[PDB]
Amino acid sequence: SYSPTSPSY
Amino acid sequence: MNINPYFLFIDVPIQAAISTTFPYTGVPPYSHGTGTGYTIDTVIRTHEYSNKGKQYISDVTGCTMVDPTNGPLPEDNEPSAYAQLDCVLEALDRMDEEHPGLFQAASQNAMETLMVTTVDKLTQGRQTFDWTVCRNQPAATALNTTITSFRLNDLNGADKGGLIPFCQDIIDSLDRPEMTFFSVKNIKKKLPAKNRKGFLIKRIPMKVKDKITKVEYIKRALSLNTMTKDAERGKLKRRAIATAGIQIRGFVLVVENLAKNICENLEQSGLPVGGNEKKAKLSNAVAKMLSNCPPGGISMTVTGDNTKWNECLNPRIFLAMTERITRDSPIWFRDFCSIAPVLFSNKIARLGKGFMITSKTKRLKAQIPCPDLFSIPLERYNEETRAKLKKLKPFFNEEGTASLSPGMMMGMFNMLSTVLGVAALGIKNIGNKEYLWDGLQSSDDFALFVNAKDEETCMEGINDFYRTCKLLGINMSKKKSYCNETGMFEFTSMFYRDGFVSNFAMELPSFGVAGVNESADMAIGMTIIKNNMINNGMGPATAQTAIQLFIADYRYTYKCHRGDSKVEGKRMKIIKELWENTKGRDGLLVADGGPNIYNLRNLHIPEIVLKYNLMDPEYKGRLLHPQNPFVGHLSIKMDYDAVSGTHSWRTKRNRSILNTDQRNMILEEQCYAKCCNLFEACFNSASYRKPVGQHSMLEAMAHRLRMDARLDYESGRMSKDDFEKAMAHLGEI
Amino acid sequence: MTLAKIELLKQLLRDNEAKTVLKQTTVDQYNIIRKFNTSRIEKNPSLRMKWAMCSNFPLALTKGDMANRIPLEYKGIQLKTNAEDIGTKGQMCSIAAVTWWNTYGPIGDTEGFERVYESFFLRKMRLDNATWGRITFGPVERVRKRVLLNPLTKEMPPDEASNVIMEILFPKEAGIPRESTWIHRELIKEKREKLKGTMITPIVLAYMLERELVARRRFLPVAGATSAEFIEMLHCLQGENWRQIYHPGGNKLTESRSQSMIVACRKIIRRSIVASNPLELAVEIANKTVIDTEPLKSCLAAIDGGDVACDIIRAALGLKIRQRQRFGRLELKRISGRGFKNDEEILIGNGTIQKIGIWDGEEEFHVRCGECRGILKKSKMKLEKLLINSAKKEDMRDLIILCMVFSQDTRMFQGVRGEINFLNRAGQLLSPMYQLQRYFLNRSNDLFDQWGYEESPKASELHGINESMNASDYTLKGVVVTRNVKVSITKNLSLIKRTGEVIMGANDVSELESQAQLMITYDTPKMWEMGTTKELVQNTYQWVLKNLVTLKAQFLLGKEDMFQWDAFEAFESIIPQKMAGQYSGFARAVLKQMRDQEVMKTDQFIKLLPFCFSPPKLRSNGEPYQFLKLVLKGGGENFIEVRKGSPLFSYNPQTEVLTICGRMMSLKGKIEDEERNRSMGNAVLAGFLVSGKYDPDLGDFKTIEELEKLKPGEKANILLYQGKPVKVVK
Amino acid sequence: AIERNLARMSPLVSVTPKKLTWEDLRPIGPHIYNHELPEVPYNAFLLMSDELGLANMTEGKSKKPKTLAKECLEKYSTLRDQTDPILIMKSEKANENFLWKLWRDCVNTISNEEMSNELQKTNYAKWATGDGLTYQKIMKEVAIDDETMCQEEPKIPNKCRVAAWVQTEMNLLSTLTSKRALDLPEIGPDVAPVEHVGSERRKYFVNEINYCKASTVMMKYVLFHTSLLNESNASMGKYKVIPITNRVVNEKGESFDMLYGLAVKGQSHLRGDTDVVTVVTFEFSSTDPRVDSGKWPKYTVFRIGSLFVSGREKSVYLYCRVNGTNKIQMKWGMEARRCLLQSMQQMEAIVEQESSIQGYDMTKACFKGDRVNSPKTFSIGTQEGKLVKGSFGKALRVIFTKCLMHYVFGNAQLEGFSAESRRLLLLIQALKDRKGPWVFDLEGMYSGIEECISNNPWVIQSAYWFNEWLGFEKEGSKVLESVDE
Amino acid sequence: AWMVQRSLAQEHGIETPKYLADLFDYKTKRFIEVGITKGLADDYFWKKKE
RNA sequence: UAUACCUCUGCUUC
RNA sequence: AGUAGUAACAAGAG
């Protein structure tokens, strides 16, 4: 199970 | 943090990610209104490139002709149409000395094909300029109007069946003093009615004989229609494209078949090479030019492109090409192949609709036809069109057409012009300088390779190629073309970089719904995925996504969402009943709100074949009812694999014709259709195989039905009643 | 029905329009008036279909009773309208009419449907009955070749197929009988029985028949498998960077095993040659090789096909070896005599010099061509005897012709007229002998006349024949028609016989590396070893980069410890054996420069380290062979440039990125600090160093022939890559 | 003859070749940096980043569009009942009264109890639709005599300068959210390992796009054009109100039905493909137009309440605008989901190439990293004059956004720019690889490129991005210039 | 003519002549080939039998 | 002029 | 107005 992330959220 | 999508090119090189530089998810530019400004542009520019040659008035047509061939050579880089015959012939001799036997064999193969080729061949020409009505029509109708017209002038070459007598009638019809032809006009007739007043007026049409004088017919026979090209990608400003008449089609077919037979055996021509094979040609052609000069040999590849390709190549050169190529063939075939260039050498260009003038004060508009083009002060046109109309005068005809001796149209002699481009590649050297060039040609796009010891020589070898092409009427684009060291290049939107990269964006529009019908579009949509996985480098995940996205576009377009889902619609209301009625729901097609059972492995299998075992007997019996009404009378560019079921339907005919003067053609069509439908009932193979015979169409049906009657009686099918009745009917016929 | 046709014909002839149409229009012109219509060519059907589906009644219906069984509405939904269509003259309807018909319409006869569309159903069972294997990630070379897309029932040309279709569906309208009818009489008899009771339209049957008869051959990128039942699954079999082992269902052809069997054995041999004890590798691999489903042992045992490469493996495993040759249509087997090919220039009959490989020495073969059989005896360009049997005329004729051409007789060579250098239909130059085969099979009158005749055998069992394949007293010179019808293998893969003679040469297999027909597989570790050039090039350099930590460290310690690794044997099987030692001695010396001197280049160390496996070969002087580029087998692309980058290998020092056959690799974090302004001349020629920079007084850029002849301690100019002059000393 | 003609031909006939150097590559489009010009305005069909969707929790199954907009406005009735117009900004040639009357007519028509979504053919609807504005056709004989009639001088696009709203659109459309919008249907079951690799790859590739902003903007364009084309053929003469619909699912798995605004369909007797049907958009928003006024000269903005967006209060605006589309562009909107494939293929190629190098499925490695390898990193953009490393996911979305912007701003200026600029791209790659590239008439290349930079936002911003990228490559070329030498 | 010849041969259930015949007798169920010679009839007869 | 708040048309070319 | 962009639509026809 993939949940994308980022350094602006 | 400002995001920049161009910074992807720091990591991944441009060829590796070339798909991202093509905006093919977006919209292509369409044309609006008239293309007369674009057509006049081409007329002015075509003569602009050949105005220093020889002007003379044609005593046949009465038109202003210009001739650049064997004229003064250019002293500038402006597109030159001034080709030199000797240099073309030498380039052809070099091609013959390196490819001997091809020139005569291609002429014999074409000549042997021509003899077998029939008249019906001309029906597959798509849109054709009908000289009788002066409109673009279907090729089949344009051909029929010409045969019926020819019959009124006592020219029955089509009755023999072969193409030769028909093409003989065409060159013979030029000599006729007055060419008669049909033109339909209406008649009122009181048909008996039950309408208070006991009658009804229905306008029955009837044909009328109409005449044109010899000169006005020759002009129409030499004329070419024009219109703007829609959906031309990768370009800002639009341009014009032409359409030819029925006379010249037969002669072009031979010249292109002749030039095809030449291009097939040439190794430095990319035509008619299939896109998949073009890499097999290019990658190996590159491999040769790589390992050829080891010692400091700078092999350079030139990404080429030609400017004014059609507007500079002269028919007069193409005529000399046929005369050289048909050296060994007999005289009748030499005269046959010469006709098509001769017609293009004296051709006439039509200028489309015209120009629309308006007044913003009164809110009015009106089109000015090309005949009335000059029935108005030139100040009332806009600034640019005022300049065009002044330059058009010397080449303008009274009846509203433009004379145009030099230049070709967009897509006419594709093969034969490729030959001339290959002939430029065949020289390879000039003056025994230290270099050797080679390349691949395909109409206006070429790829030149140049090997030499130092790059200063390469650029002179390219310059020698540039100056050579000028003598052939071929102009290289200094602006668009560019040169680099061999290893990567571009050719017809195919990007080499130590191997041709995949360019998925080019094929992306094809993934959508095609527009044939539910049954066909499904097969087409899965096949496009299958093919793009193989050829255009699409992985399994992106391919499985395309399987989903197509079904999405397929279900909204054809309004056939899942039967269990609760999407509302006229069809969906019946789909939800079919979902509740059917037991084998996985057997239902998507067109009937069924589930999508496709995946990577079964793309090549039709949907009806996949789910056949899962269907209910009543569902497959209704879905595949042999005599169902939705599939019409079928008859045997890419093809597909699909089953002929109820979803293999055809749409309604365009009804706009109903309220125009061309209603006649509906009764004209259905009259033929009734005869052909009965002829097909007499001859079941007529749908499959082309029937042959110069005898009467009725005779074939009469004899066949007589034998069917005689055999059905003597075998024991018809009684004496039905046999004597059948012979009594046939006796009257 | 005949009465209804004639009645409809009479009613139609009442119309003066139709009567004149039927009398004036010809049977040829039927093809024109059928395509006459007001219909226009849809230039944007994707758009027009989306537009037409938002309208009420876009579909058109055929006028008939079945159309009338559809109601005008259904529970408020408007199915169809009264207004007719222009083309069909039937009621126009909506897309809901289709869904209604499928739900509440008449249940029709679908008997025969599975036999009509058999061609498609055979795809379903070829997928249902199939079994998938392993998916593996790694490079693949794709060769773009013309291949058959779908498997056929019996392949024919269009002209031949149409007549067969015509005989099946419309026998009364076939016209002139053709020879195809007699050839395919059982295929007609079969299709006539299968497609008898169905109600589906003939035009549909002719379309399905034409699919399973006429061939669709198109260019596609392929690797490994090239059979039709594999091509149809080509999308799943392979990619540019991945492979998928696939085993289709149903029966497979015997000839298809023969094609792959040869390529399999050759590829086994080409690898095991370079490594010492070839027999050990050849048996290790061949035991665990698979052709689709069958192992190579079983295929070699059951199939009596073979060739040079095939037999060599049969010996290495066990069981007999069949020395059988195939000359186009003629199939041979070797009774005795081992000939040897020699290239000579023969001035053939028409008057042209031709380079042809003549077979010296005496030979004897057991021959067979189609149905005719016999025994052949030949020598260097001479038919000594030809004892054949009686059979069909075309088989007896072609057997004698194929024996005359295969024997390379001077009476055959001096019997050519006109030209015999014609290409095939695609445009490819055929080989010298096959050109003569294609010519004399057609034009045999020049051969029979130039051959000569002699007395027939007067023994009771023997007979003679003449030009027209009939018994005669004056037989052809050397022709006779008769009424009567252990081994071991070396370390270096040459077969020896008990008497000491050698019958199979390891250096006798063909170098032509063609594509197989079925799925070639190697049930072993290290499959890549039996791979294509670029597959091995890319894998090899990956094995280098993967172990660059220890290999670069051990190069400062272990002198010649690294140069021979397990992985590099595969890379050597690529290299031309006539240059392997020359490259190795050069690559080792350039590498030893960077070792013993203080000038290292990791991008070069990675480039040349694989070339150093094969035992080196220096010059007479002791200096190695200098090179610009190290060429590899197959294709002009495959070479590693020493100074410049190359299609197989290049390095980008801005990003510190290495390109190996397209794929990107990063060297960042594995490079020394002093490699900024470290010229490349110090690892281009063995025993050379950069002193200064291009001095015009030294002259031009000196070639290898000059550089090798330069004396030690002598300056000269060298050009690295375009635009980088350097001044180098020995 | 060839050689004898080449002797007598003039020397002026030549190719004038010159070897390409980096200083010869001058930034393309010098006029876009000039402040004397007006900055390019927002000209898309619908809003993208500034949108504001009114949510409504449902079962997750299709309902009628009017009933959906009714129940959405039932939940957020404070804005629906607002009949008091608070006008913030106004388009030059617009009519406050007509537009607001239209908005109220739409709101009330959709809110009513009856079935039909038809709108009364009022005087304000006839202005916003442009009734009767077509000119009357007359005979050629009359127009020839009428000397006041003339051929119109053609409207040429204006020369606009760079605007930062494009940059911000790109920045925001590429970012992640908590809301999945795609409607991807089912497929057959996986059997072959390739299908299991592809399915496992989709979990990484697809949901990377699905969760981002551009995915919802795309689905909005698609589903809207899908119904806008259906009304345009079914109800031709009837003015109709169409809602801007899109179903959405959050990370917890609850179906939110979003409503971004309401639109007025014009009169749609569309014969030709290029025939226009004017559409009037009334769209919700949280953006104050006075912040970036240069962005909204085509829009007319109201202020119709407030909402608790991210906990705190936010002012709700109503962006009103008269717009237009045609049969072609509505179709290409229905076929706009293909913006996935163009970006998903491009990056799956990098995953497959990386799997070739290391011989196993490098999908998880590229995205997240793993035991052996680190995560794939790309130069994603700038920040105060220096590079920034973005992850594989971001580089995926940046392309997907770029592919969406190719459609939303797709016209002849884009085609002409992309094509002619792609030539100047390839030359730069040759210079990057050091393949000594030569050019024959570079001014011709620039003249062909620069004529396509007029008033397309994406073209003008790509020309700016191209010159920033071209500038950063020139600093890297200082590495290669002095290698060896 | 070929349609007649094939329809007769197929209906009567016999082989189709490889060349085009001239007549066909319904009572005999046999195709007929007419020949008009100048000199002897026996010369033209056995040549057709080939 | 009238029928005509009617009728036909949505790629059907003048 | 607006769509749009080197010329059109913003209904046409009887």
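- The name recorded for chain E in the PDB entry is Polymerase acidic protein, from Influenza B virus.

- Per its UniProt entry, chain B bears the Sequence similarities (unreviewed entry) comment "Belongs to the influenza viruses polymerase PB1 family."
- Turning to chain B, the UniProt annotation filed under Catalytic activity (unreviewed entry) states: "RNA(n) + a ribonucleoside 5'-triphosphate = RNA(n+1) + diphosphate".

1. Here we look at the side chain of B:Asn429
All names here are of chain B.
So, point 1. Mapping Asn429 onto the fold places it in the loop between helix 15 (414-425) and strand 15 (435-442).
So, point 2. Of the polar contacts made by the side chain of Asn429, one reaches the backbone nitrogen of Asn432; its length is 2.9 Å.
So, point 3. Within the structure, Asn429 has its side chain in polar contact with the backbone oxygen of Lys433 (distance 2.7 Å).
So, point 4. In contact with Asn429, other than residues within four places in its own chain, are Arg94, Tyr435 and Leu436.

2. Brief notes about helix 2 (residues 36-48) of chain B
Residues and elements named next belong to chain B.
So, point 1. An ideal rise of 1.5 Å per residue puts 18 Å on 13 residues; helix 2 measures up with 18 Å between its terminal C-alpha atoms.
So, point 2. Counting buried residues in helix 2 gives 10 out of 13 residues, a clear majority hidden from the surface.
So, point 3. All of the buried residues along helix 2 are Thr36, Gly37, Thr39, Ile40, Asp41, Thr42, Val43, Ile44, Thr46 and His47.

3. A word on the interface of chain C and chain B
So, point 1. Tallying the contact residues gives 123 residues for chain C and 152 residues for chain B.
So, point 2. For the chain C and chain B pair, buried surface summed over both sides reaches about 12,900 Å², with 64% attributable to carbon and sulfur atoms.
So, point 3. On the chain C side of the contact with chain B, C:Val27, C:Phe36 and C:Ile86 bury the most area, a combined 6% of that side's loss.
So, point 4. There are 10 salt bridges connecting chain C and chain B.
So, point 5. For B:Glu680, the salt bridge identified is with C:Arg34, shortest N-O distance 2.9 Å.
So, point 6. Scanning the region where chain C abuts chain B turns up 64 residue pairs in polar contact.
So, point 7. For the side of chain C that touches chain B, the class distribution of residues is 66 nonpolar, 27 polar and 30 charged.

4. Details of the nonpolar core
So, point 1. Core analysis: the biggest nonpolar cluster contains 264 residues, and C:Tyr117, C:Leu296 and D:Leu424 have the highest contact counts within it.
So, point 2. With residues near it in sequence (within four places) discarded, C:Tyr117 still touches B:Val643, B:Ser644, C:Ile200, C:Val204 and C:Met208.
So, point 3. Ranked by size, the runner-up nonpolar core spans 126 residues in total, among them B:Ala83, B:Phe355, B:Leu448 and C:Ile32.

5. Thoughts on the pattern of salt bridges
So, point 1. Taken as a whole and assessed by the stated rule, the structure comprises 106 salt bridges over all chains.
So, point 2. A salt bridge links D:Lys18 to D:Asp24; the shortest N-O distance between them is 3.3 Å.
So, point 3. Here the residues in one salt-bridge network are B:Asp553, C:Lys50, D:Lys331, D:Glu335 and D:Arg338, joined through shared partners.

6. Structural notes on the packing of helix 14 (residues 412-433) of chain D against helix 16 (residues 457-480) of chain D
All names here are of chain D.
So, point 1. Axis separation between helix 14 and helix 16 bottoms out at 12 Å; the angle between their running directions is 5°. The angle between helix 14 and helix 16 places the two elements in the roughly parallel class. Residues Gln413, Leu414, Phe417, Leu424, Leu425, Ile428 and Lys432 of helix 14 form the contact with helix 16, whose own contacting residues are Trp458, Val459, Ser462, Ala463, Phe466, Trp469, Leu470, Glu473 and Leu480.
So, point 2. The class makeup of the residues in the contact of helix 14 with helix 16 is 12 nonpolar, two polar and two charged.

7. Here we look at the protein's contact with RNA strand F
So, point 1. Close to RNA strand F lie 23 residues; B:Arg655, B:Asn659, C:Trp51, D:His269 and D:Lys327 are nearest.
So, point 2. When the atoms of RNA strand F within 4 Å of the protein are grouped by moiety, sugar and phosphate amount to 51% of the total.
So, point 3. In this structure, C:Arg40 approaches RNA strand F through a main-chain N or O atom, which is 2.9 Å from a base oxygen.
So, point 4. Between a phosphate oxygen of RNA strand F and a side-chain N or O atom of D:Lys327, the distance comes to 2.7 Å.
So, point 5. Of all elements in the fold, only strand 5 (135-138) of chain B together with helix 4 (45-53) of chain C reach the threshold of two or more residues within the surface near RNA strand F.
So, point 6. Here the surface near RNA strand F takes three residues from strand 5 of chain B, the largest share from any one element.
So, point 7. Classifying every residue of the surface near RNA strand F gives six nonpolar, eight polar and nine charged.

What counts as what
Residues numbered from 1 in each chain as written, not as in the entry; some residues may be left out. Chains lettered and ligands numbered in written order. Part of a larger assembly, values for the part shown. Heavy atoms only, no water. UniProt positions renumbered as here; feature names shortened; annotations may be inferred. Helix = DSSP H or I, 4+ residues; strand = E, 2+ residues; numbered from the N terminus. Polar contact = N/O pair within 3.5 Å; in protein donor to acceptor, adjacent residues only side chain to side chain. Contact = heavy atoms within 4.5 Å. Expected span 1.5 Å × (residues − 1). Buried < 20%, exposed > 50% of the residue type's maximum accessible area, 1.4 Å probe, protein only. Buried area = accessible area lost by both parts, 1.4 Å probe. Salt bridge = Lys/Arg side-chain N within 4 Å of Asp/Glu carboxyl O. Nonpolar A, V, L, I, M, F, W, Y, C, P; charged D, E, K, R; others polar. Core = buried A, V, L, I, M, F, W, Y, C linked by side-chain atoms within 4.5 Å. Axes fitted to C-alpha atoms, helices over the stretch in contact; angles between N-to-C directions. Parallel < 35°, antiparallel > 145°, perpendicular 65-115°, else oblique. Near = heavy atom within 4 Å.

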